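Spelled out, the chains give:
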Amino acid sequence: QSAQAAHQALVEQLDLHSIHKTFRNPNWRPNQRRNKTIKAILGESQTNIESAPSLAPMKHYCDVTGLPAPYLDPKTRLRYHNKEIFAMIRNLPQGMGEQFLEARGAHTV
Amino acid sequence: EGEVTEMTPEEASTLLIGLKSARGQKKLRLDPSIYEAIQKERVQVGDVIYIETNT
Amino acid sequence: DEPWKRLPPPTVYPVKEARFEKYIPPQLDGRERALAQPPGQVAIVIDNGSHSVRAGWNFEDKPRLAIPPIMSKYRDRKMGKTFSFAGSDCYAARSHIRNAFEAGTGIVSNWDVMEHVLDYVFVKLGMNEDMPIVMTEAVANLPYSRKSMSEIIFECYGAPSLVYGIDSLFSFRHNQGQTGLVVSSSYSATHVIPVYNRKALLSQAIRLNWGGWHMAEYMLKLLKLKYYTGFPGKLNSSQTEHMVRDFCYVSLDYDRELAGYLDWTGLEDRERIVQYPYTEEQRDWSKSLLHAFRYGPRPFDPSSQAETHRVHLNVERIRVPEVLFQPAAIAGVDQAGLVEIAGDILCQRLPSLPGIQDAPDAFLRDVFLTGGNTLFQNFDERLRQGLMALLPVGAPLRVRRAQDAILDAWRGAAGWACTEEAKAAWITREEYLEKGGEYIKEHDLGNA
Ligand SMILES: Nc1ncnc2c1ncn2[C@@H]1O[C@H](COP(=O)(O)OP(=O)(O)OP(=O)(O)O)[C@@H](O)[C@H]1O
Ligand SMILES: [Mg+2]
């Protein structure tokens, strides 16, 4: 159908293989291992070291609703605003507690 | 009147105290008398204090 | 009944995300002008934005090209031919995508993706090979990354010369920057750089690892948690990017504003709502904080398809930008916040430097905001109010914005591109063949 043909005509029109690139050196070929993660590069490099943690005490916010949290639940270690949110926390689907932690980069492990 | 941002004993008598409000911070040179008044009250860094400069 | 039943019908915004747009042919007119312009005064200027690679001609006031650093390559096996894409030709219709940058990070890492992006740039600029390239770097860009890029430029494209400079510092030079504190918040990160007599003190620059990427990712995490019982729209980072852009703002007093944010009175105004696509053939919800959090003042029912296909942002309007000011509290980032960073620089570092003269007063008189992720409402006002409390009373603090937060870094490089400063900083191909791609000319706008 013409809609698919027109779409495939666009897919053709955009293709970087259909375009020929005379400025590209044909002889040079990369090292296949050249793609490395920042961890790998820093490890292989053994200023880009540029910040440190704050010494101030941080404020406490509810992991569910983000509102300020007077309370930390000793069971799941979620911070919560009030009894209404504590009620949902203690009956969360079993895996969900680790997601509310993970939203602030906390985990049980 | 400000939050006590610094308390630097200058001599070993004089104190320098740093005070801060939402609108800036200030340093004051304190005579040992007003220092010990500040020190008889249990002022520490992070406390909020009121000082009358001349009384 | 009445407190909801009297309300007008909710105002709701269609969801947005990055999408393909009408074809742009290769601009041979640029190649023509570039050869007509005087010798030694023409360069290709590329800003390697992790959100958008911006490219064009130094003699022009805006980039010709603004392209996501992405590629796609696949076979429609029934059609047999291979197809390959780099940029918005990736429809961000397979969306079979890879990106040149490491996720959320300022540094290029998939060099094959980058090399396809560079091929796309030079095609669209009408290259018919030989032209000097001005290219932006991350702050403290890694030596291996600098090498691999320059190796692409000189081995694969054989270009006559390359120069590397920091995009935020180019932006500070398009504006009449002379000395100041350059605050950049970008896609990848946030940097505070002190600049003295047009020279950046990069040994005293600091990076906060939060940016427009992390805001889009964090907004996604929160909306997935808000609708953990399931949401019928496919939540994606490219959508929450547009939500952060359109709806987030910085609180001038966050605790005061937050603690009252889910009060039912005026929640219809504090709430903003976006519609995902849909098709259709004494204990009460009105006293539940979690109903307000999720659905606001209206009643809710799952029978209404449209009302099931909408997310309510509410507290996320202000919680998301606050991660810059309170990173460890709100997102657990073990880094000091933006006001504490700028305060540490102005108050502890610069007055300790030898010979710097009137620190902070010299730098303090022009705190300068760059990069798109600074564009939030009240961002400048919040930064000023925070610094003012840390400074000696009545000190001449000014917080100022670039005339444009995103293009101005390219414009600064385009203006700088062929100055005697730049041409003294250029590395020639033969100098690269002598010194190798790790080598860089030390200059005021470049890395050490
Ligand atoms: N008006 C706006 N308000 C808030 N955020 C915005 C606005 N316009 C753009 N942004 C965001 O700013 C970011 C783009 O920033 P910018 O273009 O300066 O980065 P970049 O040059 O790609 O990054 P880097 O230098 O780290 O590689 C995106 O996350 C985008 O959503
Ligand atoms: Mg940038």
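Per the conventions used, each chain is numbered from 1 along its written sequence, independently of whether this matches the entry, and residues without coordinates are not displayed. Both sets of labels track the order of writing: A upward for chains, 1 upward for ligands. Keep in mind that this is only part of a larger assembly, and the values describe that part, not the whole. In computing side-chain values, all of the structure's heavy atoms are included and hydrogens and water are not.

A. Geometry of the packing of aromatic side chains. Two rings belonging to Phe, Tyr or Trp (six-membered ring only in the last case) form a pair when the distance between their centres is within 6.5 Å. Interplanar angles under 30 degrees mark stacking, angles over 60 mark edge-to-face geometry, and anything in between is tilted. What the rule picks out here adds up to 22 aromatic pairs over all chains. Ring centres of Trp 210 of chain C and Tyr 218 of chain C lie 5.9 Å apart, and the angle between their planes is 75 degrees; this geometry places the pair in the edge-to-face category. Classification of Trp 210 of chain C as buried rests on a relative accessible area of 7%. One aromatic cluster is present, formed by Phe 23 of chain A together with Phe 122 and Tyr 157 of chain C through successive ring pairs. Here, over-ring charges are defined by two tests on the NZ atom of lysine or the CZ atom of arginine: distance to the ring centre within 6 Å, and angle to the ring normal within 35 degrees. Sitting above the plane of the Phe 325 of chain C ring, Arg 382 of chain C keeps its charged end 4.3 Å from the centroid. Throughout, exposure labels follow a simple rule: accessible area from a 1.4 Å probe, protein chains only, divided by the maximum for the residue type, with under 20% read as buried, over 50% as exposed, and the rest as partly exposed.

B. Quick look at the arrangement of the chains. By definition, residues are in contact when any of their heavy atoms lie within 4.5 Å. When the 2 pairs of chains in contact are compared, the highest contact count belongs to chains A and C. There is a gap between chain A and chain B: no contact, and a shortest C-alpha distance of 11 Å.

C. Just the side chain of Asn 373 of chain C, in detail. Residue position: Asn 373 of chain C is located in the loop between β16 (367-370) and α16 (379-390). Residue classification places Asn 373 of chain C among the buried positions, given a relative accessible area of 7%. Only DSSP runs of H or I covering at least 4 residues are called helices, and only runs of E covering at least 2 are called strands; the numbering of each starts at the N terminus.

D. How the structure looks around the site of ligand 1. Residue and element names in this part refer to chain C. Proximity criterion: a residue is near a molecule or strand once any of its heavy atoms comes within 4 Å of it. Surveying the vicinity of ligand 1 reveals 19 residues, the closest of which are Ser 50, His 51, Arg 54, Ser 186 and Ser 188. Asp 167 is positioned with one of its side-chain polar atoms (N or O) 3.1 Å from an oxygen atom of ligand 1. Polar contact is defined as a pair of N or O atoms within 3.5 Å, subject to the rule that within protein one atom must be able to donate a hydrogen and the other to accept it, and that residues adjacent in sequence are counted only when both atoms are side-chain atoms. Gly 372 places a polar main-chain atom, nitrogen or oxygen, 2.9 Å from an oxygen atom of ligand 1. Starting from 670 Å² of accessible surface for ligand 1 in isolation, the protein chains cover 87%. Split by residue class, the shell around ligand 1 holds 4 nonpolar, 11 polar and 4 charged. The source of the domain bounds is an automatic or database domain assignment. Residue assignment places the shell around ligand 1 across two domains, with domain 1 (26-71 + 107-178 + 405-439) and domain 2 (179-210 + 335-404) each supplying three or more. Every accessible area reported is derived by Shrake-Rupley at a probe size of 1.4 Å, with residue values counting cover from the shown protein chains alone. Residue polarity is assigned by list, with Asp, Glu, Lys and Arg as charged and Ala, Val, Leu, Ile, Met, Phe, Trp, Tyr, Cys and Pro as nonpolar; anything else, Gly included, falls into the polar class.

E. Structural context of the sheet that holds strand β8 (residues 133-137) of chain C. Residues and elements named next belong to chain C. Pairs of strands are assigned from DSSP output, requiring at least two bridges between the strands. Strand order across the open sheet formed by 6 strands is β4-β3-β2-β8-β9-β18, with mixed pairing between neighbours. Edge positions in the sheet fall to β4 (65-67) and β18 (427-428), since each of these pairs with one other strand and no more. Two elements, strand β2 (residues 44-48) and strand β3 (residues 53-57), share 5 bridges in a ladder whose sense is antiparallel. Note that in β3 the partner of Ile 44 across the bridge is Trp 57.

F. Main features of the pairing of β2 of chain C. Residue and element names in this part refer to chain C. Burial analysis of β2 places 5 of its 5 residues in the buried class, which makes it a mostly covered element. Burial along β2 is two-sided: the face carrying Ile 44, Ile 46 and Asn 48 and the face carrying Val 45 and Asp 47 are both buried. Taking the residues that link successive antiparallel strands as the turn, the β2-β3 hairpin has 4 residues. Relative to β8, β2 is paired through 3 bridges, and the arrangement is parallel. Pairing of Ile 44 across the sheet is with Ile 133, part of β8.

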